[PDB]
Amino acid sequence: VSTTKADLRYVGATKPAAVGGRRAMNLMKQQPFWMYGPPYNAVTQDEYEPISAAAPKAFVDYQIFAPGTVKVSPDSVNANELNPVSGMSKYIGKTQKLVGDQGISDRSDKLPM
Amino acid sequence: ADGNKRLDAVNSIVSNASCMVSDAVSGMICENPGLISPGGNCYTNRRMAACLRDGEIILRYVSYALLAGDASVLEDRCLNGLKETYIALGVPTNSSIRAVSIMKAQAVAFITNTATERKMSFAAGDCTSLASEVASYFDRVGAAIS
Amino acid sequence: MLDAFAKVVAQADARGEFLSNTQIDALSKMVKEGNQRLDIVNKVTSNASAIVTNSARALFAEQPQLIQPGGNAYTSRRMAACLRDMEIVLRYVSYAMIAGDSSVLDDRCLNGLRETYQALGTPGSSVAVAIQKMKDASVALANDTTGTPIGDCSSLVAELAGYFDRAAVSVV
Amino acid sequence: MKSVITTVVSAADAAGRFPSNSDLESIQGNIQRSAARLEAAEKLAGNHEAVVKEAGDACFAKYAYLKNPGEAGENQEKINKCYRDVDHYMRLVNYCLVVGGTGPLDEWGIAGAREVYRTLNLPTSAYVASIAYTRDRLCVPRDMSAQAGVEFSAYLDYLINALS
Amino acid sequence: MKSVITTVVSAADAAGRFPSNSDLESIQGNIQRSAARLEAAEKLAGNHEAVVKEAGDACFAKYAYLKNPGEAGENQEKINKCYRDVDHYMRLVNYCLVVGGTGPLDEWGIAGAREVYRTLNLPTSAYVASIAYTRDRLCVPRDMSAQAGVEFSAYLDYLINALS
Amino acid sequence: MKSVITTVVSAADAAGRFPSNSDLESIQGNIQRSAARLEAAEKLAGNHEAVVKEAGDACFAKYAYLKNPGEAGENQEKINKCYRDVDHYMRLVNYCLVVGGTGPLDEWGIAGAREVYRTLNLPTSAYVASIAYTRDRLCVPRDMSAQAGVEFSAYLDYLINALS
Amino acid sequence: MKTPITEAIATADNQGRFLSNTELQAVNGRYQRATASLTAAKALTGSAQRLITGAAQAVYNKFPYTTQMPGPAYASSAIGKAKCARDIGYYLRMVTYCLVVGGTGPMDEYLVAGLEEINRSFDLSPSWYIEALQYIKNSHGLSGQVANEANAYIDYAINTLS
Amino acid sequence: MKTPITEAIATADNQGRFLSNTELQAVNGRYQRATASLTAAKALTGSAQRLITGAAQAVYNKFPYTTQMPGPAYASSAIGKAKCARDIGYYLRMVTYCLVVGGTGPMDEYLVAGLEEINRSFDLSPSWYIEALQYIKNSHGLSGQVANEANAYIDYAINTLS
């Protein structure tokens, strides 16, 4: 009782990793939210990609621009919505990887390079 | 031969490398200031960190192709798949040529030593063959994307 | 061992009967599939190294304690023996696919595998996750065309999925 | 409105007939498929302010020329009328999953729109740049069901088809 | 599992008899009641990450002493195991609405729990305050129907009376 | 187009006959002989830019007077129409090896060709200097197989003989 | 040599008995499949230097350090480039040998046995050849069951290199 | 475990005899050499974080494609950079075990048994690890026989990879 979206993902994981590229990690699946934290430490699929190791020496200065052309939005303006009495926060700290999404990603968009 | 002119021109680019990329990708924002509005795609912290990483790889390729003296270092898998990698991700792929055309202007400033706020000490002589040699490499990169 | 043709013969010799006319017409359908069965065994065998390694790669992403010091796949001899077992199970599942009968699969791989992993301390709930990851890498490789003529193979991929589920319940 | 009920009751009236067994057999189909569309009419009516407000950002991040002077995104009242429009369309798409057909999208969102958007110089390619953003971003086990994510994304590219 | 099927089979196995007319009459109750308790099990299985995390910090909103030194909510690992152990209990209530009895709650959540929460010094009135918060959060027409909320709350206070 | 399957049907219709065992026996020759002319049709389908080039200048090497004023190949607009024509003949030879007979070359490239080259002053000795060069620039173990260099060479001088 | 005919003689000589229809049906399957296996051997042989030159150029684009790094193990000289194209021709030639005899017999004896002792000694990466075998798999131009016979022995060579 | 002490016991047990002076002299040679072996183990343990993170950078400077190329086999992501430095620390830890024990017995058991099949499966190149082991041989700063003891287990690991 499989689906077309599931079988188009898993067939990229049958090529070798010298050929398939980022598609070699396409067999991994979404786990519960507590599985990504401190006793268990399960790895997301974004950490196998080169976007997780991006740290350039260059930087945008932000005083080059005209006033009015830099925008900043928060995620909430509420203190117990940003951090509860427990430490389980989506926004502040090391507990923002404890979420029910984002274990898997889309690396079947581009190419096998 | 004259490998001293070859080494002077590469060194003048790998010295001012991080100033070049941060001038290029911020002159690119300055022209369309909607890349860093909400919804734009240099807006978030990781999308900003990857656009900076791309210009450092591109300038590394042009700096290393100038040191060898051939465009055999240019093709890589970098020359092919950049135009398809940006369309698939969804990246303004003409605005990504503004950052390479800006970087092209700075490298022919540092080589011909006409940089309007930096002056370095060289010998006397000419470099306007090496300035064209690196204009072609900055054209091979900006033609592989469109 | 005995395949699916030999399975109904052995069931008929123990009754002392000739095969029926209905039973010959049911073995004509097993020859009528014939080439579609050999396409599944061709696709699974041709990508056998990448199915085992990339589903071991995805097991250690979700259960990363297996390769920590004190885990069951931490050393070179204990990691190489783990990939060797995942290639043993994929071998005898392809043997059971070309035969149409799961008799070589349990008489030469599965019988005594639960007793082996209980004497060694190998986590049997993690072996069945590696079996279930080679399953959907192979039932997604089964129903893609890639140089096969277009047709319906949904009855032979339910048989291949049933051999992966059989190997997974004989160890969990 | 074009629904399942209003087609088979109009057509029998056009012939002067009573309701017959082919009419009741189609309203029976409005009992099997009805559970999925009333599940995407509810996920959209509970999270519309979050889908409207970062689909309108895709309309401006792709067409940055619209923020020039003289365009339809020059001042901030024009940009606010844009986000109201994407909220207007999603309210019509939510109406379609409750009615069952494309009744409210046709009469209230399409029938006249090609005249109005051409007089007031609003591009339709910026309207479909945001409706295609919502469609290519549905996540089928997470956002809704599998069959509720089919019929939600079928009313979307009906609107993408009618505008472009 | 303690269920409707496994009760009437075990009762007719200890007596050594075939399934009688009263053993088939009990499985008919499993049919007429399955409509309500599978609606609650599907409503829970779609929105479980938001129900668990809403109840996980209802523990610490009543008992702020658990962040004191030596307690059970000191560091990041102990609150990860706390939100896990609440999510374990909400999975077993989803399993009990599917099976139809208190089977998975008894064998997997309740048996042996008094000896573990005392040896490891986890206050059992805080494995209750998260369960009691979910039982009063439920609005009977809003999230589910009337009889789906009767079944959902009756498995929710079976767990409360088993920890108390 | 003249081929095996057209000529044995046009002959068996001149008499008003059903297809007989001498009509079928001809088309069995279409089966044994197609495996050599199809790997001489795809062999030209890939490499055809290099053969119109290598043969299009073989005439102009031979007939160097063609670039004088008043002549045919005097300027580059006429030279481009000339290289286009050798492309046209090579395309039809690719068509002929697919059908099996000279129907394409006759009905498209041969029929009426003498009426025009006399009118437009084109020397047909230049046209056959190209096609003859392609014939003997051919290494029959290297370029294709042996019996494919029979089928490729057969249509190549049928075009020569129909221009001579 | 592992061919379908020698593996049928060996299963009858092992128990010391004459050939039966268990073994005659196995040799019959070779003959029915050798129609498609011998057209793929003609086609890969005729397209050899198009495929050896093109596959060497695909390794130099996937792994461009191999043409830049100094050392004997790299194709960064005239001699090292001549040995790289020699190696693609060895791999393509064993594939055509396997299509002739109908099993994975010739590349077992001539290519696979002793391969990883060489790649360890002479510092050759086995992923250099997987990219070369993937170019030939995508650009031989075959189709039908002619492609399925050629790809089945190309994919066998990838499985021994990984 | 292959130590100088347990190779002497296993020699006497395979012959069914008591420990003669052939085996007491082999144990005595370990005690004469254990002075330099146990100060080398102390000095490599105290320099662990300096030698691991310095030798990961030596591989990224000689093979700079290993930080650019996507795929799970390369140090291009957060988890691949973490797994590369974890493997230098596995090699440094087994050298300190071999210096304490007195023979190539811990890294024969824990490291080299099955290492060729792992590198070929997970596409890891053994020339990466040789370069990191040449950095540790040229940066521990030991001298005399204390350096002779540490170097003799570092290029035992090099001969199993090359």
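Order of writing sets the labels: A, B, C, D, E, F, G and H. Residues in every chain begin at 1.
In this text, contacts are C-beta pairs under 8 Å (C-beta built on N, C-alpha and C of every residue); 3 or more make two chains touch, one makes a residue touch a chain.
Which chain is which protein? Per UniProt: B = B-phycoerythrin beta chain; C = C-phycocyanin beta subunit; D, E, F = Phycoerythrin alpha subunit; G, H = C-phycocyanin alpha subunit.
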item	value
Chain labels contacting chain E and also chain H	A
Result of counting contacting C-beta pairs for A-D and A-H, higher pair	A-H
Centroid distance [mean C-alpha coordinates] between chain H and chain G, Å	37
Rounded Å distance, chain C centre to chain D centre (Cα mean)	47
Rounded Å distance between chain B and chain D, as computed from the means of their C-alpha atoms	45
Centre-of-Cα separation between chain G and chain C, whole angstrom	27
Junction residues of chain B, two or more chains touched	37-38, 77
Junction residues of chain G, two or more chains touched	127, 158, 162
Junction residues of chain E, two or more chains touched	none
Residue numbers on chain E that touch chain A, as the complex places them	49, 53, 56-57, 59-61, 64, 67, 73, 76-77, 79-84, 87
Residues of chain D touching chain A in the complex	140, 142, 146
Chain H residues touching chain A - in the complex, by the definition given at the top	67-68, 70-73, 76-81, 123
Interfacial residue positions of chain H with respect to chain C in the complex	72, 109-115, 117-118, 121-122
Residues of chain C that touch chain A when the two form their complex	47, 49-51, 53-55, 57-58, 61-65, 133, 136-137, 139-141, 143-144
